[PDB]
Structure formats: structure tokens, C-alpha cells
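S.K.: Chains as they are written, first to last, in PDB author numbering: chain E, 22 to 120; chain A, 22 to 792; chain D, 27 to 259.
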Amino acid sequence: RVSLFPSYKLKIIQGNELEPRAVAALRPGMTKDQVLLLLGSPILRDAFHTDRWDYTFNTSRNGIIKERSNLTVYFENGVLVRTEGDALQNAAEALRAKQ
Amino acid sequence: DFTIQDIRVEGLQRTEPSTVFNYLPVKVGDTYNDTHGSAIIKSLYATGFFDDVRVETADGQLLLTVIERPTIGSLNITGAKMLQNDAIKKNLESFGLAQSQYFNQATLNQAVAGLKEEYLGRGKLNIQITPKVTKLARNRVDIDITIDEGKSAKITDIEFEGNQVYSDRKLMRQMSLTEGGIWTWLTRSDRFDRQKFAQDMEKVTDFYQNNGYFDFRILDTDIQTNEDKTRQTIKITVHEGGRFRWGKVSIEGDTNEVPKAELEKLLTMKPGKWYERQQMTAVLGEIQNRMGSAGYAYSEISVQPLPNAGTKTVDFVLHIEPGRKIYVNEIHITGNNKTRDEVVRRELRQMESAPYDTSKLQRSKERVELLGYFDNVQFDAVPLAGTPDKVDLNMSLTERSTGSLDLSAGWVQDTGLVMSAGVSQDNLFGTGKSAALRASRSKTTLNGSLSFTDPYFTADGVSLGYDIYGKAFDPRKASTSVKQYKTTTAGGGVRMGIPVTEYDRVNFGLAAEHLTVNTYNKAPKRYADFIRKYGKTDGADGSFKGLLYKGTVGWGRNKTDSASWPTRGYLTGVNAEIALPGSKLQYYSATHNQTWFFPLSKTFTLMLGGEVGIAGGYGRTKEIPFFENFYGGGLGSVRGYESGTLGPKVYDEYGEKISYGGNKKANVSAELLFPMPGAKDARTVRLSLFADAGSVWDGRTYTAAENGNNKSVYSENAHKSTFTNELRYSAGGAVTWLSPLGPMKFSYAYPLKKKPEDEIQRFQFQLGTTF
Amino acid sequence: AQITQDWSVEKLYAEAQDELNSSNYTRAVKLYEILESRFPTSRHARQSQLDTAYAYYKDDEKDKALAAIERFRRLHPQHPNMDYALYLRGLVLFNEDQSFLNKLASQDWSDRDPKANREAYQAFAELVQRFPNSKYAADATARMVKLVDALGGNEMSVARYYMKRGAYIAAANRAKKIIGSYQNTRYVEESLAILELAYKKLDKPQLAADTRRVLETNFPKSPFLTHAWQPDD
Numbered sequence: 022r023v024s025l026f027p028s029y030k031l032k033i034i035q036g037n038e039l040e041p042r043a044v045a046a047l048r049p050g051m052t053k054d055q056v057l058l059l060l061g062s063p064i065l066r067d068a069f070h071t072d073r074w075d076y077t078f079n080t081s082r083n084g085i086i087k088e089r090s091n092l093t094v095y096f097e098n099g100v101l102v103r104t105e106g107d108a109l110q111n112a113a114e115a116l117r118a119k120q
Numbered sequence: 022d023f024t025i026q027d028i029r030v031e032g033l034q035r036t037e038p039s040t041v042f043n044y045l046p047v048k049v050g051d052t053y054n055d056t057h058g059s060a061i062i063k064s065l066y067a068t069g070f071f072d073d074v075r076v077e078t079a080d081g082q083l084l085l086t087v088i089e090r091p092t093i094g095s096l097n098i099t100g101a102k103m104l105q106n107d108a109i110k111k112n113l114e115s116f117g118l119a120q121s122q123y124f125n126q127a128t129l130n131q132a133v134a135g136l137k138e139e140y141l142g143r144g145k146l147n148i149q150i151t152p153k154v155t156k157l158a159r160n161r162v163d164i165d166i167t168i169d170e171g172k173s174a175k176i177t178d179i180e181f182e183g184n185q186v187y188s189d190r191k192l193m194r195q196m197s198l199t200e201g202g203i204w205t206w207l208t209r210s211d212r213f214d215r216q217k218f219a220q221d222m223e224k225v226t227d228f229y230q231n232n233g234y235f236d237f238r239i240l241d242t243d244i245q246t247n248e249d250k251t252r253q254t255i256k257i258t259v260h261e262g263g264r265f266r267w268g269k270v271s272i273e274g275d276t277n278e279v280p281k282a283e284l285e286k287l288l289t290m291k292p293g294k295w296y297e298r299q300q301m302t303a304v305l306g307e308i309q310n311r312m313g314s315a316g317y318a319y320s321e322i323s324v325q326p327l328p329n330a331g332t333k334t335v336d337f338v339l340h341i342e343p344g345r346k347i348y349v350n351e352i353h354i355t356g357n358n359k360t361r362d363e364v365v366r367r368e369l370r371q372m373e374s375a376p377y378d379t380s381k382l383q384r385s386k387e388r389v390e391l392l393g394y395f396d397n398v399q400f401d402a403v404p405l406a407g408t409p410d411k412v413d414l415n416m417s418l419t420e421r422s423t424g425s426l427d428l429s430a431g432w433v434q435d436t437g438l439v440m441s442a443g444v445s446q447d448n449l450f451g452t453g454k455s456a457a458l459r460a461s462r463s464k465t466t467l468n469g470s471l472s473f474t475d476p477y478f479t480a481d482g483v484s485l486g487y488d489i490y491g492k493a494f495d496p497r498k499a500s501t502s503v504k505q506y507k508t509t510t511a512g513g514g515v516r517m518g519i520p521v522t523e524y525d526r527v528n529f530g531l532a533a534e535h536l537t538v539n540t541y542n543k544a545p546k547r548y549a550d551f552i553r554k555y556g557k558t559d560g561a562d563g564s565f566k567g568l569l570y571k572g573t574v575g576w577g578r579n580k581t582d583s584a585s586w587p588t589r590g591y592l593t594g595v596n597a598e599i600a601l602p603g604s605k606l607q608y609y610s611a612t613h614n615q616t617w618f619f620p621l622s623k624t625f626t627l628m629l630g631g632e633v634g635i636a637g638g639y640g641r642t643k644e645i646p647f648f649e650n651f652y653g654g655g656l657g658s659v660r661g662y663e664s665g666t667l668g669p670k671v672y673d674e675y676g677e678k679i680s681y682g683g684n685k686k687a688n689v690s691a692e693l694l695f696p697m698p699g700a701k702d703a704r705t706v707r708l709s710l711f712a713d714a715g716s717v718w719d720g721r722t723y724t725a726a727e728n729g730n731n732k733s734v735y736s737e738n739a740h741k742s743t744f745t746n747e748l749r750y751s752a753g754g755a756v757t758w759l760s761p762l763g764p765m766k767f768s769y770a771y772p773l774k775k776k777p778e779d780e781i782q783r784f785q786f787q788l789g790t791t792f
Numbered sequence: 027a028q029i030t031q032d033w034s035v036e037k038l039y040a041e042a043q044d045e046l047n048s049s050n051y052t053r054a055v056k057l058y059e060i061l062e063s064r065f066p067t068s069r070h071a072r073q074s075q076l077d078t079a080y081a082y083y084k085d086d087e088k089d090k091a092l093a094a095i096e097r098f099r100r101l102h103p104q105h106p107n108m109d110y111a112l113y114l115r116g117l118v119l120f121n122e123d124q125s126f127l128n129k130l131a132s133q134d135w136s137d138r139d140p141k142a143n144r145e146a147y148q149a150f151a152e153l154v155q156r157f158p159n160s161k162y163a164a165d166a167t168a169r170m171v172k173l174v175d176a177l178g179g180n181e182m183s184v185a186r187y188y189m190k191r192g193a194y195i196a197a198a199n200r201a202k203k204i205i206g207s208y209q210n211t212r213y214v215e216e217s218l219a220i221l222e223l224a225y226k227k228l229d230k231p232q233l234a235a236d237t238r239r240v241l242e243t244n245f246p247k248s249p250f251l252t253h254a255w256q257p258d259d
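1) Have a look at the DSSP bridge pairing and note the partners of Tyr53/A.
2) Using only the alpha-carbon positions, how far apart do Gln446/A and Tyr394/A sit?
3) Against chain A, which members of the region 32-62 of chain D pass a CB distance test of less than 7 Å?
4) Looking at C-alpha atoms only, which residue of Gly293/A, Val270/A and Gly630/A is the closest neighbour of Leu284/A?
5) So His70/D is in the alpha helix (DSSP H); what residue range does that whole segment cover?
6) I'd like the span of the beta strand (DSSP E) that includes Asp562/A, first residue to last.
7) Starting from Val76/A, follow its DSSP beta bridges and name the residues at the other end.
8) Compute the distance between the beta-carbons of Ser583/A and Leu759/A, then report whether it is under 7 Å.
9) Using the rule of at least 16 other Cβ atoms within 10 Å of the residue's Cβ for burial, across every protein chain shown, is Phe744/A buried or exposed?
10) So if DSSP puts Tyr95/E in a beta bridge, which residue, or which two residues, is it bridged to?
11) For the structure I just gave you, are there three or more beta carbon pairs, one from the region 747-761 of chain A and one from the region 770-786 of chain A, closer than 8 Å?
12) Is the distance from the Cβ of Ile88/A to the Cβ of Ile98/A below 7 Å?
13) Three-state secondary structure (DSSP) at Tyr490/A?
14) Which residue wins for smallest C-alpha separation from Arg159/A, given the options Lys281/A, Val717/A and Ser121/A?
15) Using the beta-carbon of each residue, which ones in chain E are nearer than 7 Å to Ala198/D?
16) Quick one: grab the DSSP three-state call for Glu390/A.
17) Given a cut-off of 7 Å on the beta-carbon distance, is the pair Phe473/A and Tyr487/A in contact?
18) Find the residues of chain D that neighbour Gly84/E, judging by a C-beta separation of less than 7 Å, and give them in chain order.
19) Along the chain, where does the alpha helix (DSSP H) containing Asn47/D start, and where does it finish?
20) Round the Cβ separation of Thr80/E and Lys87/E to the nearest angstrom and send it over; I've been treating them as touching at under 8 Å.
21) Answer with buried or exposed for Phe625/A, where buried requires no fewer than 16 other C-beta atoms within 10 angstroms of its C-beta.
22) Determine, using beta carbons only, whether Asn358/A comes closer than 7 Å to chain D.
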């Protein structure tokens with residue numbers, strides 16, 4: 022279970038993907054279904070603290086983090102309260118670049 | 022109103038009225054006038070219970086007279102002439118007709134109608150369909166269909182209208198149906214089927230579509246019979262579009278992450294040829310697989326023509342809708358019995374929650390099919406109530422028998438019989454852990470072997486295995502004997518194997534062996550020098566032994582359909598499997614292959630064979646062993662003369678003629694392969710010719726021999742049998758077939774430039790393959 | 027019906043018995059229909075169908091077995107023999123596979139199919155809900171617990187192999203469904219441990235600590251509190 026040998030062949034790992042214009046569409050203060058249709062199905066969803074919906078990314082190599090981008094979002098009583106993460110800004114200049 | 026009190030259902034035969042009351046939607050003490058009458062009558066009409074049941078109100082004891090529905094206890098079949106008894110039996114029992122099963126007349130009627138329609142669908146119309154009913158015991162009944170088929174249904178005349186664009190002769194040549202003829206008498210090639218008719222219809226319409234005529238408006242078809250409803254005639258009229266030119270097809274829509282520039286790059290359409298229907302289909306396939314390679318299985322393209330006559334061009338605007346980026350929610354696996362689950366999970370991509378792309382999905386298809394553990398596998402996509410972005414991708418498996426014994430015999434032309442043994446095993450009833458026994462034996466050789474391996478030692482997976490061998494060679498045989506001696510090779514080895522990419526995968530292996538080379542009574546100088554240089558002699562004989570530190574390096578890839586039916590693609594690879602340095606006899610030998618296939622016709626095709634390699638070594642030993650020499654000339658070399666018959670035929674004791682050959686391997690194959698279309702499309706018969714190029718050299722010229730020169734000129738150089746890039750002209754036929762019981766060898770050889778020092782063999786035959 | 031000889035019911039029963047003892051089946055099965063036609067009002071149909079089902083289990087197929095048994099279920103749903111039927115149903119979908127070539131004393135049974143044990147669970151559930159005092163139910167309970175254990179082991183193995191590939195995201199939902207619908211199973215500690223590994227690999231400190239509190243409240247004692255999880259073998 023040790024001593025990985027020099028195999029220059031690995032599977033292509035993905036973390037997650039999200040479309041930047043949806044980030045541009047992110048307005049605070051609407052319900053779960055509203056943001057659902059705005060974005061789509063989150064890849065994961067807990068239950069005990071189920072306002073944490075975030076996506077990710079990784080072009081990993083043998084399991085090591087290579088790139089990443091995150092945007093957690095919070096909710097109360099079925100409405101958007103806030104969101105934060107590292108992907109919003111880069112999505113912003115990406116949107117400005119292609120538009 | 023009346024209340025139910027122990028309904029006295031009478032007139033029953035074997036209805037066990039207890040289960041009747043259980044089947045009754047009402048029980049004792051239930052108030053009833055008319056509500057349940059229809060419900061009960063339809064309930065008993067269902068499940069084939071009865072046919073006439075009456076209910077009345079009479080002091081709680083209602084006389085429910087019932088007549089048992091007939092039940093076919095025993096069924097019989099006859100009239101099966103075109104089809105066998107088993108076929109008709111299964112296709113009838115597919116619609117009920119089991120033991121008893123509460124036979125109904127309406128079931129009879131629907132069944133007979135369906136079968137009649139099935140038969141008339143083929144080329145059978147004047148058919149006598151007369152089933153017979155025999156009343157067996159109280160409930161049992163028998164039926165037997167009687168089918169008296171007509172003579173046949175033959176298509177006499179084929180004719181068309183609007184045939185001003187192409188000659189009916191050429192078009193009828195193009196269409197894949199026959200008419201009356203002498204060579205068509207075989208296999209009833211003039212019969213008719215609706216399905217095959219339609220197939221030829223779309224074929225020819227597409228043919229016209231490629232011919233530049235737009236939309237090829239088919240007007241109508243008609244079939245007309247003859248006397249006795251025996252012979253038929255077909256007439257279809259159509260309307261062509263005329264010649265045109267397409268050079269400005271355009272695309273539109275949204276791309277999201279997709280680059281429109283890449284879209285323009287992939288657009289392979291030009292004004293040349295003015296059109297191609299299948300090119301258009303192919304570009305649609307390319308764009309669609311791209312549109313979903315990003316993870317959009319439901320992005321849809323819309324086509325629409327924009328006509329413009331005079332200039333005779335109709336523009337095509339292709340409007341794409343992307344939407345609803347899709348991931349995968351869960352993977353289910355079917356056909357998992359007798360095997361593990363991760364084992365098939367080892368190979369595919371898209372572990373979960375991944376952008377659904379067919380791009381790597383077909384790669385997974387290929388990856389699992391080359392495993393060969395199942396004949397059929399299907400990949401199934403289904404969403405759930407939580408529809409968006411998540412869909413199940415459960416896949417299919419078809420478990421196939423693999424654990425058996427490899428007891429297979431064959432026959433070879435020279436030695437004779439040969440046998441093979443050992444349990445065939447690749448899967449210890451679960452994960453792969455492929456290990457098996459394989460051995461062969463003949464009057465000239467024997468070799469036992471056990472294999473053991475895991476294809477995946479690591480997460481990506483490395484194939485590690487042990488493998489043993491005990492092969493011994495006994496060239497001494499009957500009159501058709503090559504140089505007589507023995508070979509003693511045995512031992513084990515370890516094989517490691519890693520892929521470097523999806524299409525490239527190498528494998529190495531290091532081990533050590535031992536050999537005891539042995540000689541006989543006086544042998545040519547090529548033996549005396551060898552034995553006196555390393556070996557030891559006793560009397561008129563002698564032998565030698567040595568260590569065999571060997572290394573092996575290899576790589577390969579396949580690109581053809583093959584499966585005993587070669588198709589587009591070829592084999593690529595390189596190998597080096599000899600005793601490498603670290604011990605005596607510092608040697609190196611390469612390997613190559615090319616199996617180019619050209620399926621440019623329906624039956625005729627050609628394959629190009631490719632090989633390059635030098636067996637020469639280096640180091641302390643500057644020579645080449647006799648036993649490491651090539652067996653130039655013969656089947657595996659050129660399929661030409663008898664095996665191992667290239668090079669100088671040396672005189673010796675008794676003045677025989679045995680050659681050596683060189684250590685140069687290079688070959689060029691070109692044969693016109695094709696099946697026989699007389700019988701059917703069975704994967705059973707081929708046919709070709711034999712025309713090969715083979716080069717082999719040693720470098721050393723041979724001039725001194727056993728008091729006699731076997732060459733025309735005293736100064737005959739033995740480096741090459743002829744001029745540079747040596748070869749002998751020869752070409753013959755090759756009757757191929759595929760499988761009487763499997764393996765074969767059959768071919769007719771005709772040489773050219775018959776030298777006074779070479780021997781030929783026009784025909785050769787082998788059975789049960791070799792090795 | 028090669029001979030269609032007239033005999034008594036017990037003689038036919040004994041002939042069928044020895045045919046099972048002698049692994050003779052075609053005559054054994056084919057005498058059933060002729061005796062039933064000769065003896066319609068007889069209980070021998072039930073024994074005939076059950077023994078044919080047993081033989082088919084001893085054979086590769088079960089389709090005609092199930093055909094006959096639910097046929098009977100439609101025939102006399104009050105003859106208490108149905109307890110065996112559903113039971114052998116669970117048996118026929120169990121596929122014990124009694125063969126010498128594949129003894130494999132291990133035989134985890136963890137490979138048959140999800141459909142088989144789903145149907146087993148539902149069949150034995152109907153059995154117990156309708157026959158809590160059945161002729162035998164401890165075997166039923168053992169069967170359900172063994173099958174659910176096999177299911178959990180299957181999914182846990184899937185997760186750990188994903189970990190061999192580091193498929194953290196998939197294993198997340200794997201664990202969530204394990205705890206969601208696969209309660210009181212032995213394969214929980216490693217599930218939450220690999221869960222912690224995933225979150226820490228995904229840089230989720232607060233939720234990793236929340237799961238730490240969850241596990242310690244549930245499993246205060248476990249070697250993996252101080253042992254970062256590793257794959258076996």
C-alpha cells in the first residue's frame with residue numbers, strides 16, 4: 022500500500038462546476054426553490070444544518086488538490102440571508118472578460 | 022334489500038367454493054341487490070374462471086350456477102413446416118397456452134391472428150391455416166394448428182418511373198434484391214420481405230440523396246400480384262430534387278462555455294461534391310457528441326432548409342439549444358453475480374456527480390468490452406423525482422461462462438497430433454485474480470505452464486503476475502526432419518504491466534532460466550565451432566549448459582474489430598523477449614507488427630503486414646546461436662514453401678540439406694481477403710491468395726562446406742539469399758473458411774524463379790492452431 | 027405420458043420422492059399434471075408445485091416455479107403452505123449455489139444483486155406481518171440481517187474503493203445515505219471516519235468537528251479517534 026511507482030498515467034479528477042452568470046444572478050433574499058431554479062441541484066446536501074450549499078473544483082492529480090473555488094450560501098426560514106466564497110470574484114472578471 | 026347468508030353456489034365442478042367466497046368481494050352478512058353483480062361477473066370472466074354465471078335472491082342461499090371455463094391441460098402443435106416445432110412452441114407459449122391456464126376462445130383468436138400475420142409478413146401468402154380443436158377430458162382440451170403453405174412468393178419484375186437521371190440497369194444493380202436467374206436459384210434469393218423491402222427503400226433513397234437530388238420526394242409504391250397469387254411485381258415512383266450545390270451551411274444558438282471558434286473548426290462542410298447526406302449525418306453526430314461532452318445530454322439541434330432555385334442552393338441553419346447541465350446522482354450495477362462490483366468500477370470515468378459526457382462513456386464501453394467478461398453491456402440513464410442535474414446511469418452486464426478446461430487437440434502437417442490441457446480460469450468466482458493452467462504436448466514438444474496475476478496492483482492498477490513454463494523442443498522427427506537435437510527450457514517469471522495512457526500500455530518482465538543444449542553424431546561446422554567454443558564434447562556427441570538471466574520489454578495496441586472477422590484498424594506494438602545482459606550471451610532482439618486493414622468494399626479487402634527487428638546481440642559473444650536462428654521460409658514466414666526452408670542448404674554426413682537462416686525479421690503482407698456470399702452472411706467462410714515479402718539476413722558468406730558446394734557459383738554470398746532486401750518470388754491461392762470446428766490451415770502455393778537449391782510446398786494443412 | 031399407467035396417489039408420491047432422491051425430474055414433474063387431471067380434488071397439487079420449485083432451485087431456472095407458485099397464490103390463498111412458498115421464494119432468489127467447484131467457505135454472498143435481497147426483505151416482511159407465529163421465523167430474521175449486512179458491506183466497500191481513487195465527493199453522499207437509511211449496522215464507524223477524512227481533505231473544519239462531536243457522542247471509544255483512517259490491504 023506504499024511506494025507509488027512512476028506511472029505517468031492518471032485518471033482525470035473533477036471537483037465541481039458552476040456557471041458564472043448564475044453568480045451574476047445571485048441576489049440576496051429569496052427562497053430555497055428560487056435559488057434552486059436560479060442555479061440547479063447542489064451536488065451535496067446535509068440535513069442537520071441544511072443551509073450550506075456550496076460547490077467546488079479540482080483538477081486533481083492522484084488525489085491532490087490542484088485548483089479549487091467555493092461559494093457557501095446560507096438560509097433562514099426559507100429565504101436567502103447571505104453567501105460568501107472565493108469563486109465570486111474570479112467569476113466576476115470572467116463575466117466581464119467574455120462580456 | 023337482502024343480506025348475504027351462506028350463498029349456496031351450486032353447479033360448480035372444481036371451483037372449491039371456499040376460494041370462490043374468498044374471491045367474492047362480499048362475505049356472509051353483506052347486504053346486496055345489484056352493486057357487485059357486474060364486478061363479480063367481470064372478476065370471474067377475468068382469470069378465465071367461467072362463461073355464464075347467474076345470481077338471484079332466494080332466502081340467503083343464492084344459486085350461483087357456474088360453468089367451468091375450458092382449461093387446456095395438454096397442448097399439441099403441428100403444421101410447423103417453415104419453422105421448427107420448438108420455435109412455434111415458444112412463440113405460442115409466449116402468449117399463454119400453458120398447462121390448463123383457463124383456456125379462452127378469444128385467446129385462440131388473437132393468437133391465430135397474430136401468427137397468421139407473422140407468416141404473411143414473410144414471403145408466404147397462399148397459406149392454409151386450419152387449427153383443430155379436440156375435446157379431451159372434463160376440462161382438458163387439445164388444439165393443433167395445421168399449416169399448408171403455398172409454393173412460394175417470387176418477385177418477377179422490378180420497374181420504376183422517373184428514371185431519367187440514372188439507368189435502371191445500374192440502379193437495379195445498386196439495389197440489394199434479386200430477380201429470376203440461375204445463380205440466384207441458391208438460397209431462394211428472390212423471396213420477399215416487407216422489412217427487407219423497406220430497408221432497400223431507405224438505402225436507395227439515401228443513395229439518391231448523396232447523388233445531389235434534394236429530398237428525393239418518393240411519390241408512392243405499389244405491389245401487384247399475378248395468377249394464383251404466386252408471382253409479384255413492384256413499382257415505385259418518386260420525384261428527385263435535381264442537381265444542386267451546398268457550400269454555406271451555418272450554425273447558431275448559445276454555447277455557454279463552448280467556444281464558437283471550435284464549432285467553426287469542427288464544421289467539415291465544403292461546396293465540393295455539392296452535398297453528402299452521410300457527411301451531414303456524421304457532422305450532426307460530431308456536434309451532438311460535443312454537445313454533451315460538456316455535460317448536456319438534452320441540448321437539441323434544429324434543422325431547416327432555406328431554398329433558392331436558379332442558383333440551386335438551399336441554405337441550412339442549425340439552431341442549437343443548450344440547457345440543464347446534467348450530473349449523475351448514483352450508479353447502479355446489474356449482472357454483478359459471480360463477480361465483484363468495484364472490478365468493473367475500476368475502469369470507467371465519472372465516479373459520480375460528474376458532467377455527463379459520452380466522450381469518456383464510450384471509452385468506458387470500449388474498456389469494459391475489451392475485458393471480454395460479458396457478451397453484452399448496456400449503459401442506462403434515468404432521472405428521478407428530484408429531476409434537475411441528476412440522473413441514474415446504471416449499466417448492464419451479461420455473465421458469460423469462462424471457468425472450464427482447455428483440453429483442445431489439433432493436427433500439424435509435419436509432427437502430426439498435438440494436445441492442450443489445463444483448467445481455463447481468470448476469475449476466482451469474484452474479482453479477477455486471473456490464474457489458470459495451460460499445457461501442450463506433441464510428438465516433438467511439451468510445455469506446461471501456470472499463470473497467476475492481478476491486473477490492478479494499484480489504484481490506477483498495475484498487472485502483476487507469476488507465470489511458469491517448461492517448454493522442451495525435440496526437432497528430431499521422421500523423414501521431414503530439421504536439424505536433429507533437443508532443447509531443455511523451463512522456469513518461472515514475473516510479469517509487471519502499466520498503461521501510460523488510455524490507448525497505450527506497456528509490460529515488462531525479468532526472470533532467469535537454464536538450458537541444456539545437446540548435439541548428436543557428426544554435425545556441420547556451425548555445430549562443431551559452437552560446441553568447442555562454449556560446450557563440452559564426449560565421443561561423437563556433446564552438450565552445454567548456461568544461465569539465462571532474461572529481460573522482457575513489450576508494448577502493443579489493437580485497432581480492428583477482428584473477432585475472426587478483421588475490419589478497419591491495425592495492430593501496433595514492439596517487443597524484446599530474450600536472455601538480456603546480466604548473464605552470458607549478451608543479446609538483444611526487437612519486435613514489430615502492422616495489420617493494416619482496408620474495408621473499402623463489401624467483400625474484397627486487403628491487409629498489410631508489418632514487422633521489423635534484429636536478433637543480433639553484442640558483448641563478449643560476437644556470434645549468434647544456431648538455436649536462436651530464424652526458421653526462414655514457410656507458413657509463419659511467408660506461407661510459401663515448407664517451414665524453415667530459407668538459406669544455405671548445407672551438405673553434411675549423409676549429404677542432406679538443412680539451412681540456417683538469418684536474424685533479420687521484416688515482412689510485407691498483401692492478400693485479397695473475402696468471404697463466400699453463396700450461402701449466407703454466416704461468419705464461417707473466407708477466401709484469399711498468398712503473396713508475401715520476407716527478408717532475413719546474417720551477414721556471413723558461406724563458401725566452405727562438407728566437400729561439396731550446394732550453390733551455383735563457388736563465391737555465393739550467404740549474407741542474403743538474393744540481392745539486397747532479399748526475397749523469393751512466389752504467390753498462390755488460399756482457401757480460408759473460418760471454423761469447421763475452429764482452427765484451420767489451407768492454401769495453394771505457386772512459386773516463381775525456381776532456383777536449383779530451394780524446395781517448395783504447394784499445399785499445407787494444419788489443425789487446432791499451434792502452440 | 028409415455029405410459030399413462032393407472033396408479034394410486036401415494037405410489038406416485040413415493041415415485042416422486044425417490045426421483046428427488048435419485049435426481050430424476052422430468053417424469054416426476056410430468057406425473058403431477060396427469061395425477062391432477064385424474065385426481066382434481068386432491069391436495070397433491072401443492073406438494074407437486076413446491077417440490078417442482080425446489081427442483082428448479084436445484085436447477086438454473088425458476089420461472090416456471092414462480093409461475094406455479096403465484097398461480098397457487100391465486101388459487102387457494104388460505105392453504106397455510108404459502109409460508110414455505112414465500113420462504114422458498116427467498117431461497118430461490120438467495121441462490122445458495124450448492125456446488126463442489128465453488129465451495130469458497132468464505133462466501134460473503136455480497137454479489138448476487140440488490141433486487142434479490144430487496145425482494146427477500148419484502149417477502150419475509152409480509153411473512154412476519156401476516157405470520158408472526160410462523161412454522162419458522164428465526165431463519166427469516168437471520169436472512170434479513172445477513173442480507174442487510176451484505177448491503178452495507180457492499181456500499182462501504184464502494185466508498186473505500188472510491189477512497190482508493192479519492193472520490194471524496196461521491197463518498198460524501200455514500201456516507202449520507204449510509205447513516206440515513208442503514209441504521210444499527212456494524213459498518214458505521216468507518217463510514218463516519220472516512221467522512222471526516224473527506225471533509226478534512228476538502229477543508230471543512232467546522233463540519234468535520236461537528237461530525238467529531240457526533241461520533242464521540244455516539245462512539246466515544248474507537249481506535250480511529252487517534253488513528254487517521256487507512257484502507258485495509
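Yeah, the Cβ is synthetic: ideal placement off N, Cα and C, and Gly gets one too.
M.R.: Concretely, from the data shown:
1) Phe23/A
2) 12 Å
3) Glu59
4) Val270/A
5) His70 to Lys84
6) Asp562 to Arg578
7) In the DSSP output, where bridge partners are listed per residue, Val76/A has none listed.
8) no
9) exposed
10) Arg103/E
11) yes
12) no
13) strand
14) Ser121/A
15) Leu65
16) helix
17) yes
18) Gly192
19) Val35 to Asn47
20) 4 Å
21) exposed
22) yes
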